[PDB]
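Here is the structure we will look at.
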């Protein structure tokens, strides 16, 4: 113990020297899953969007995701 | 007289008196005719967005305005 016995620092510090790997590689694969696109529509497009939003009962951001869904899976 | 000269703009020098009507009332008109929205597109929706747009020779921004116009004119 004269050697503090803490010299091992918990056996060469088993803290996680193996856990050093910590290859959880969180690498936010979910992050990329979403992108942002700033688009500017016409005044009429906005008014019609509001009516379409209330008619479909959904958010203003969801409706846009819908038109893209009707164009991405159709036009392609 | 010199005094009159002082107020040579007596009548009002028509500085813009007749212009006071301010036809400027003519708001830009184009005012707010363009509204932004900023949407969120899935990784899959974005990957096919650039691919499809590159095929039809359309700007990524114009593509969004296209699907919006379609869904807003087909569903409405």
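Just so you know, all these numbers are worked out from the coordinates, no wet-lab data involved. Ideal geometry is used to build each Cβ from the backbone, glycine not excepted, and the neighbour counts take in all protein chains shown.
Observations on the structure shown:
- Cβ-Cβ contacts under 7 Å between residues 6 or more apart (or on different chains), taken from a first residue in the stretch B:43-55 that is more than 9 Å from chain A (Cβ to nearest Cβ) to a second residue that is buried (at least 16 other Cβ atoms within 10 Å of the Cβ), are listed as B:53/B:63.
- If only residues of the stretch A:56-69 that are closer than 14 Å to residue B:67 by Cα and in contact with a helix residue (DSSP H, G or I) (Cβ under 9 Å, 6 or more places away or on another chain) are counted, the one that is farthest from the other protein chains (Cβ to nearest Cβ) is A:62.
- Annotation: of all residues in the stretch A:55-76 being in contact with a strand residue (DSSP E or B) (Cβ under 7 Å, 6 or more places away or on another chain) and surrounded by 14 or more Cβ atoms within 10 Å (Cβ to Cβ), the one that is nearest to residue B:41 (Cα to Cα) is A:65.
- If you go through the stretch B:15-54 and keep only what is part of a helix (DSSP H, G or I) and surrounded by 10 or more Cβ atoms within 10 Å (Cβ to Cβ), you end up with B:43, B:44, B:45, B:46, B:47, B:48, B:49, B:50, B:51, B:52, B:53, B:54.
- Qualifying positions in the stretch B:15-42 - on the phi > 0 side of the Ramachandran plot and facing chain A (nearest Cβ under 9 Å): B:32, B:38
- Scanning the stretch B:56-76 for residues that are touching a residue at least 12 places away in the same chain (Cβ under 8 Å) and in a loop (DSSP other than H, G, I, E, B) yields nothing.
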